[PDB]
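Chains as they are written, first to last, in the entry's author numbering: chain BF, 53 to 208; chain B8, 2 to 65; chain BY, 2 to 108. By construction, the Cβ of each residue, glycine as well, lies at the ideal position given by its N, Cα and C atoms.
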RNA sequence: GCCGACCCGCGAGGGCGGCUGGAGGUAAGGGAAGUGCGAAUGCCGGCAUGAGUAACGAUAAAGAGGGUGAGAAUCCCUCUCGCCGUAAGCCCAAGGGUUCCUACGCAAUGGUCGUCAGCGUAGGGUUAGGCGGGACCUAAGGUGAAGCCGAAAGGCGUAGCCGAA
RNA sequence: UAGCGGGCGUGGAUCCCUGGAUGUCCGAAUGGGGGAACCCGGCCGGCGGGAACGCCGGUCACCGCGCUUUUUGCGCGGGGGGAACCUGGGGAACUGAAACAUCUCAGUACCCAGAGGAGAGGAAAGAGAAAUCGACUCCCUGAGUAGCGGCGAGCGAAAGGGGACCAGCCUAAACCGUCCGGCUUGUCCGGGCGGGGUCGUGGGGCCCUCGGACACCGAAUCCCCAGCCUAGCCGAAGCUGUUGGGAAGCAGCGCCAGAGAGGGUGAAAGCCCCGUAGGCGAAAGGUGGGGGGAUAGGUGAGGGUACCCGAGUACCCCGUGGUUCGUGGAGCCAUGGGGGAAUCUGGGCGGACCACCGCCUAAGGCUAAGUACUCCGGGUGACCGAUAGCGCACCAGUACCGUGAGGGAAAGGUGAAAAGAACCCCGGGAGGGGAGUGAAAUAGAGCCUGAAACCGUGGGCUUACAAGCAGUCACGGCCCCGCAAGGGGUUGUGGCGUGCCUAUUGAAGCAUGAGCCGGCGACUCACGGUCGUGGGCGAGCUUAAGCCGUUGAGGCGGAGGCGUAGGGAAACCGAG
């Protein structure tokens, strides 16, 4: 701001017998780098969201996908090993082309890795769910680990 | 952040369990002598209202 | 330290912009500014006609500095990425299924 | 950005076209704000207004000839002319630090010009056993071992010490 | 920073990474001077044919500590630097209650000195009412309650409890020897030493009965190993056609992936390149109880005693300050002064005090953690983008300004690479004119864009009978677009026509600011309530810190707050 200027409190002008305007110390927003006023700061955008309604949304989100019928929870996979070929062939198994999205859901280190580089395979897993993620994406790939995750998440 | 909440007002007022700003009469001490029980019983209590709503914004947090 | 590009000092092929699709001579590497040149940008430079080092009419040039990431490795095969190898005596870099890199001096 | 005699909105504005320009842009659905100028004798910036006008810095003054160079009353070489001489001549202390000296140079600075410099680029120059100051002296004064005192800082301060035209 | 130039690299160079030499003089400066980089010497060696001059190397400051026969010294340390974070001796005023002296900013700036990656504190002479808790810092909440006040503005506890974190040992005095001086040689005044012991259910000293012990707690102490920091290393996968100066683009076919993070490349690239995901490494200097060892050390009953158990202290009174506490019944507690004990029958609180009753051990110390801050470093952004962002994107804490203190700036762009325009023409050059060059030469050397203000060239149109907020309306004349009708704009004739903004009951005003034009430019942030509302739950709604988790990843966590009953000053009653 206008007080934390790398200058001083020097009131150079008098007030009376001068010429042009009337000013205190150089530090004022009426000049150059002279501190601005009320603007941008390294602040904090944050607040609270009641679990109930919040988790309503959680359920509701996957529920909205459960309102279009775009999900699947495979047990064991053909692409268990974190290599691309097998996982793609298995994507052909489940019925997945090459222009979609993979908020997958599922919890398997192997799976997440191979599916991390593959372009349209943004990959999501369950210990940290997200409803933004499902709205923007589309494929609850699943193990019931993530579904059982849903259960104790929205229990009530 | 945490503000004062003023206890002068609190130490001389009492709203009616909602927001109807109500209290005590004004004008004792320097009367008496020349009168009777008339204004005596009548000094008892008071109503208070209208601008005491602004006064109701004055007090704030505690309610009480 | 930290100038480990992908070039050394011999011969390689070209895919640039000026004359994209040629090949590189001995390849004078100078400097660490990624400037590289073989016979590439053979334009024409001035230089005054003065009697000293210059003829009565000074107006000629040849090879001229150029960008480094404009070329690709090769070997007795075609021209593929150079993957390195421990010779357990020295250390060079073979080629996809095939071979040669610095293997002209007992490598 | 430029230009517009075309399209759209009651409007701020939105679209299309060509030239300039050469590597970005960012819908619809949303959102986060240094966000909208024309003034504040605004901060700044650029540039005009008077304006070919007042002035070229003490009313002691130049002339020619010749020379140089693209360019001369403006520099220079000699003939000629006036002004000072308690100073307007010479020195020292002071201060300024290459300004010096020379070859060249005018784009600046010079209150025009300038081949000229006191400016410029580069080189080259400042010699002490005797001058002058330091390997000698103190004065006012200061610092300061000691000492007195101050909450802190430090004040006060003997012997000593730096100290001068 | 180009160069001349003459030299070094697979008998392995620049180079970074490590240690060491070098480290001249100034600099707390330090022999001693002293105006900052100069000068003067006592001393040991060295050099000059070297005594007389000079340098080379060695030395030479002050305060605080123990030994040193007071001796000379020997060993020790010391000062001065520092952005903010912490502690202390003192210490303002601006302002604020719209006045002003108490109350306020404020113990904030300031001065000095100190201390450390932490500081500070810490084992209860504690809370305060639980006959209950159980060392210290931070947080949240208790609660803005309690409580203070020209009862004015305003100032603000802790206990509670839920979290971050958890660490515990000694002294003095008693007491037992031992060494040294004195001396009223005493069975003595003390002190240099060692063991003795540390208490709040009171402990122990010492003396006697138990049996008093290998083991046992094991360090904050020493010793290591794994692991971290300052050079590096492997690295998935593409080939052709094409517009062009350049393709990566659009197309064909093929591939890569623990790698689609980004940057480069003449442009927009997973597949060309540093690298990414992942995986891997150190001789040198430093880091580490995590695993471990050992070491320092620390662990047991009872009788009698009765020795001690912190002295100008505790305690009283006057002058004090903190604590929410302003003179209040003021308690505790920190101390200017005067006064002045005790040894567990010892003494500090429970808000004067008395009583009771609980609480509790002073007047001698120490202790990691958690906590804070940000110059330097990495991380990384609904952060800015050459008047912004630091005043500094560049030879900026620099040009310039004050005697100095101090004030302090303005300022980024050719290309992809200089290929930076050779040869020639006007000139004295400066600048141009042909060239070459590159896609591009209004990309040509201050070189992306290049508005307007402001200054100019030709030409198309008007204006010399004219009275003016210069504009607008009808018409016409002219020049150029339009096939048509139309239209540009030039402005002769007439109808009309009292500047912009401020301040005013009221202005074109001779009450005011403005040269023009360009830009930076002013209603905001966490929370605190209030009305509304779009939603959730609805007699129920909701978490704080903080914890597992994230590589832009969620979840959790009942401490606490409120709504449900109000009312009485209270005691208390109670839909009364």
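- Roughly how many angstroms separate the alpha carbons of residue 114 (chain BF) and residue 188 (chain BF), rounded to a whole number? Spanning the two alpha carbons is a distance of roughly 12 Å.
- Message: Do residue 82 (chain BY) and residue 101 (chain BY) have their beta-carbon atoms positioned less than 8 Å apart in this structure?
- Response: In this structure, residue 101 (chain BY) lies away from residue 82 (chain BY), with their beta-carbon atoms at least 8 Å apart.
- Task: Please classify residue 4 (chain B8): is it buried, with 16 or more other beta-carbons within 10 angstroms of its beta-carbon, or exposed?
- Result: Exposed, since its Cβ has fewer than 16 Cβ neighbours within 10 Å.
- Message: Can you look up residue 75 (chain BY) in the DSSP assignment and give me helix, strand or coil?
- Response: Coil.
- Message: Taking its Cβ as the centre, do 16 or more other Cβ atoms sit within 10 Å of residue 25 (chain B8), making it buried, or is it exposed?
- Response: Label assigned to residue 25 (chain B8): exposed.
- Task: Out of 67 (chain BF), 158 (chain BF) and 81 (chain BF), state which residue places its alpha-carbon closest to the alpha-carbon of residue 53 (chain BF).
- Result: Comparing alpha carbon positions, the residue from 67 (chain BF), 158 (chain BF) and 81 (chain BF) closest to residue 53 (chain BF) is 81 (chain BF).
- First through last residue of the beta strand (DSSP E) which encompasses residue 97 (chain BY): No beta strand (DSSP E) holds residue 97 (chain BY); DSSP gives it neither H nor E.
- Touch test, the region 91 to 101 of chain BF against the region 132 to 139 of chain BF, Cβ-Cβ under 8 Å, three pairs minimum: Verdict: no, contact absent.
- Out of 35 (chain BY), 57 (chain BY), 19 (chain BY) and 37 (chain BY), which has the shortest C-alpha to C-alpha gap to residue 44 (chain BY)? For the residues 35 (chain BY), 57 (chain BY), 19 (chain BY) and 37 (chain BY), the minimum Cα distance to residue 44 (chain BY) belongs to 19 (chain BY).
- Message: I believe residue 10 (chain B8) touches residue 56 (chain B8) by the beta-carbon criterion, under 8 Å. Please report the beta-carbon distance rounded to the nearest angstrom.
- Response: Yes, they are in contact, since the Cβ atoms of residue 10 (chain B8) and residue 56 (chain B8) sit about 7 Å apart, within 8 Å.
- Item | Counted within 10 angstroms of its Cβ, other Cβ atoms place residue 191 (chain BF) as buried (16 or more) or exposed | Residue burial is scored here from C-beta neighbours: residue 191 (chain BF) has at least 16 other C-beta atoms within 10 angstroms and is therefore classed as buried.
- Roughly how many whole angstroms lie between the Cα atoms of residue 31 (chain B8) and residue 50 (chain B8)? Their Cα atoms are separated by approximately 25 Å.
- Environment of residue 105 (chain BY) [buried if 16+ CB atoms lie within 10 Å]: Classification of residue 105 (chain BY): exposed, given that the 10 Å Cβ count is below 16.
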